[PDB]
Amino acid sequence: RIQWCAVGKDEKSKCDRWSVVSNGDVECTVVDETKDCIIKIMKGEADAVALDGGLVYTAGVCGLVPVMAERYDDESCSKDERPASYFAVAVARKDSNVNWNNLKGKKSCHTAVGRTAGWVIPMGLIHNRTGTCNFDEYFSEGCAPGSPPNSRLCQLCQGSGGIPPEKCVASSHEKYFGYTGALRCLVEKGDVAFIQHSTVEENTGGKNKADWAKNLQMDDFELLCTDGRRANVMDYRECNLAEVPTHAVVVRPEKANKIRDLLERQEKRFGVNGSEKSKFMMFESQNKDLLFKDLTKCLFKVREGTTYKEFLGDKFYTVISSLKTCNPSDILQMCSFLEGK
Ligand SMILES: CC(=O)N[C@@H]1[C@@H](O)[C@H](O)[C@@H](CO)O[C@H]1O
């Protein structure tokens with residue numbers, strides 16, 4: 001009695017496992033893209049789906065509200081404080097003299113296009129304070145995996161180094177792909193790197209035995225605050241682009257209370273402390289984040305009547321709506337049209 005929206009064959013597989021062990025309590029709806037899930041839950045042929053901030057924003061505009069959210073810290077959940085996932089931070093080289101004010105024309109390092117930390121928040125922020133939607137021409141050059149092969153945002157990207165170069169590919173083949181990759185891009189070619197708060201740490205002091213990251217220390221980097229002031233890598237709390245919320249399960253409002261109880265029921269058997277976690281573990285997928293982030297310990301209940309605006313938080317909400325004002329998706333446009341806004 002809960003059609004879950006699975007995206008891709010891998011999630012579908014896991015969703016089938018879940019459907020089986022839950023004794024049909026959970027059914028599965030497979031789609032190609034995550035955005036496809038929003039429509040299917042609207043048409044009632046899907047009940048729930050875990051989304052990231054950007055999609056949550058879209059879902060909300062379409063009238064779908066967050067009902068439960070993942071917690072990545074302690075296994076044990078519902079005690080009223082919306083957990084934070086991480087902080088989106090802009091990093092720069094210590095020995096450089098660049099900052100948020102003279103950022104135009106510099107070289108950037110993004111985790112990948114469409115990503116929350118490396119793209120949505122930064123470009124979302126630049127559009128808000130600048131009014132531009134010309135992201136590809138803001139920076140002189142830069143590496144943003146997933147960008148058009150021949151565009152400034154690909155010039156800084158390296159490839160795999162192998163035969164088929166694969167420059168700018170949104171995959172591990174691209175050296176500058178992901179968080180660790182964006183940092184490396186800053187260390188080797190870029191001016192600024194848009195990653196998360198824990199990135200610099202995870203790759204300094206020798207944690208990363210790689211060559212480019214063997215003699216790197218935290219002091220080699222600084223955070224660029226939106227003031228124009230720079231901060232110590234450890235002060236991300238006082239100098240972050242935005243606080244990113246955890247992924248939220250979104251559903252049609254009238255099925256809100258219904259879905260919670262059924263998911264709680266599911267946690268009780270397949271959660272981290274599931275009575276049956278031995279058969280199937282909801283939050284387990286071999287670090288592949290199938291259905292839920294494997295970093296999930298439990299689902300926290302989002303207060304009833306909580307809209308997407310409240311859940312995302314003003315700052316994040318502002319940057320998302322900001323970014324989306326620039327070439328919005330068909331769904332977002334369709335939903336905004338359907339209403340008054
Ligand atoms: C506090 C304030 O008024 N600023 C907001 C905030 O979303 C962000 O800090 C800024 C970008 O620098 O854009 C403005 O909309």
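For reference, positions follow the sequence shown, starting with 1. The basis for the numbers below is simple: all heavy atoms, side chains too, and nothing from hydrogens, waters or symmetry mates.
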Chemist: Between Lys258 and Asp261, is there a side-chain N and carboxylate O pair less than 4.0 Å apart?
Modeler: no
Chemist: Are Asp191 and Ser96 close enough that some pair of their side-chain heavy atoms sits under 4.5 Å apart?
Modeler: no
Chemist: Return yes if a side-chain donor-acceptor contact under 3.5 Å exists between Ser108 and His110, otherwise no.
Modeler: yes
Chemist: Start with the C-alpha gap between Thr180 and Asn208, add the side-chain angles, then the distance that decides, and say whether side-chain contact (heavy atoms from CB on, under 4.5 Å) holds.
Modeler: CA-CA 9 Å; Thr180 294; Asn208 198 316; 3.9 Å; yes
Chemist: What residues, two or more places apart in sequence or in another chain, satisfy side-chain hydrogen bond (donor to acceptor under 3.5 Å, both in side chains) together with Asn128?
Modeler: none
Chemist: Are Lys94 and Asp219 side-chain neighbours, meaning at least one heavy-atom pair lies under 4.5 Å?
Modeler: no
Chemist: For a quick test of your reading: what N or O donor-acceptor pairs under 3.5 Å do the side chains of residues 29-41 make, sequence neighbours left out?
Modeler:
{"residue": "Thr29", "atom": "OG1", "partner": "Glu45", "partner atom": "O", "Å": "3.2"}
{"residue": "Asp36", "atom": "OD2", "partner": "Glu33", "partner atom": "N", "Å": "3.3"}
{"residue": "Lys40", "atom": "NZ", "partner": "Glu45", "partner atom": "OE2", "Å": "2.5"}

Chemist: If you measure SG to SG, does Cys109 sit under 2.5 Å from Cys185?
Modeler: yes
Chemist: Are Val91 and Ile195 packed together at the side-chain level, in the sense that at least one heavy-atom pair is separated by less than 4.5 angstrom?
Modeler: yes
Chemist: Please determine if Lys107 and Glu141 form a salt bridge, counting it only when a charged side-chain N lies under 4.0 Å from a carboxylate O.
Modeler: yes
Chemist: Sorted by first residue and then second, give each disulfide (SG to SG under 2.5 Å) pair with at least one member in residues 270-309; sequence neighbours left out.
Modeler: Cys77-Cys298
Chemist: Please determine whether the number of non-hydrogen atoms from other residues, nucleotides or ligands lying under 6.0 Å from atom CG of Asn327 exceeds 12.
Modeler: no
Chemist: Taking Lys297 first and then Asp74, would you say they form a salt bridge - that is, a charged N and a carboxylate O separated by under 4.0 Å?
Modeler: no
Chemist: Would you mind listing every disulfide (SG to SG under 2.5 Å) that reaches into residues 227-274, with sequence neighbours excluded?
Modeler: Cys225-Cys239
Chemist: What residue pairs, at least two apart or across chains, pass ring pair (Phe, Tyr, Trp, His ring centres under 6.0 Å) with a residue in residues 312-341?
Modeler: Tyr57-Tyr317
Chemist: A side-chain contact here means heavy atoms from C-beta on lying under 4.5 Å apart; do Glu174 and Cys157 qualify?
Modeler: yes
Chemist: Say whether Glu310 and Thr306, considering side chains only, have a donor N or O and an acceptor N or O under 3.5 Å apart.
Modeler: no
Chemist: For the CE atom on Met234, are there more than 12 heavy atoms of other groups (residues, nucleotides or ligands in this structure) within a distance under 6.0 Å?
Modeler: yes
Chemist: Report the C-alpha separation of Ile320 and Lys315 in whole Å, then their side-chain angles, then the decisive distance to 0.1 Å, and conclude whether the side-chain contact (heavy atoms from CB on, under 4.5 Å) test is met.
Modeler: CA-CA 9 Å; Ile320 303 296; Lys315 189 172 187 179; over 6 Å; no
Chemist: Hey, are the side chains of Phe87 and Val244 touching, using non-hydrogen atoms and a 4.5 Å cut-off?
Modeler: no
Chemist: Could you check whether any side-chain heavy atom of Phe194 comes within less than 4.5 Å of a side-chain heavy atom of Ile121, counting everything from C-beta outward?
Modeler: no
Chemist: Please, which pairs that meet side chain to side chain donor-acceptor pair (under 3.5 Å) have at least one residue in residues 262-283, sequence neighbours excluded?
Modeler: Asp25-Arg265
Chemist: Between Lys175 and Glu188, is the closest basic N to carboxylate O distance under 4.0 Å?
Modeler: yes
Chemist: For residues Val319 and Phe135: do they belong to one hydrophobic cluster (side chain heavy atoms under 4.5 Å, members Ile, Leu, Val, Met, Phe, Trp, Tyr)?
Modeler: yes
Chemist: List in chain and number order the residues that pass side-chain hydrogen bond (donor to acceptor under 3.5 Å, both in side chains) with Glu137, two or more places apart in sequence or in another chain; answer none if no residue qualifies.
Modeler: none
Chemist: Using the disulfide (SG to SG under 2.5 Å) rule, take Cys154 and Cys143 through it: C-alpha gap first, then chi angles, then the decisive distance, then the call.
Modeler: CA-CA 5 Å; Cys154 277; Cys143 175; over 6 Å; no
Chemist: Do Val233 and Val89 sit in the same hydrophobic cluster, where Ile, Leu, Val, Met, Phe, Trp and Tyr count as joined when their side-chain heavy atoms come under 4.5 Å apart?
Modeler: yes
Chemist: Could you check whether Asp73 pairs with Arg71 (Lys NZ or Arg NE/NH1/NH2 to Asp/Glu carboxylate O, under 4.0 Å)?
Modeler: yes
Chemist: Suppose the criterion is ring pair (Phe, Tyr, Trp, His ring centres under 6.0 Å): which pairs have a residue in residues 207-227, not counting sequence neighbours?
Modeler: none
Chemist: Quick one: pull up CZ in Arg82 and CZ in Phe300 and give me the separation to the nearest 0.5 Å.
Modeler: 8.0 Å
Chemist: Looking at residues at least two apart in the chain, or sitting in another chain, which of them share a side-chain hydrogen bond (donor to acceptor under 3.5 Å, both in side chains) with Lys341?
Modeler: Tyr308
Chemist: Among residues at least two apart in sequence or on other chains, which ones pass salt bridge (charged side-chain N to carboxylate O under 4.0 Å, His left out) with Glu254?
Modeler: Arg252
Chemist: Check whether any side-chain heavy atom of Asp80 sits under 4.5 Å from a side-chain heavy atom of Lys301, and report yes or no.
Modeler: no
Chemist: Taking 4.0 angstrom as the limit, do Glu284 and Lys14 come out as a salt bridge?
Modeler: no
Chemist: Could you walk me through whether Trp100 and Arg229 satisfy the side-chain contact (heavy atoms from CB on, under 4.5 Å) test, starting with their C-alpha distance in whole Å, then the side-chain angles of each, then the deciding distance to 0.1 Å, before giving a yes or no?
Modeler: CA-CA 8 Å; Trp100 202 266; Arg229 298 151 82 195; over 6 Å; no
Chemist: Which ILVMFWY residues are connected to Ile259, directly or by a chain of links, through side-chain heavy atoms under 4.5 Å apart?
Modeler: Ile2, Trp4, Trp18, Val21, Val26, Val67, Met68, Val249, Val251, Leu263, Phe270, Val272, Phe280, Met281, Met282, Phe283, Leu291, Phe292, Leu299
Chemist: Name all residues meeting the side-chain contact (heavy atoms from CB on, under 4.5 Å) criterion together with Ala117; count only those two or more places apart in sequence or in a different chain, and write none if there are none.
Modeler: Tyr86, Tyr179
Chemist: Should we count CG of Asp330 as having more than 12 external heavy atoms under 6.0 Å?
Modeler: no
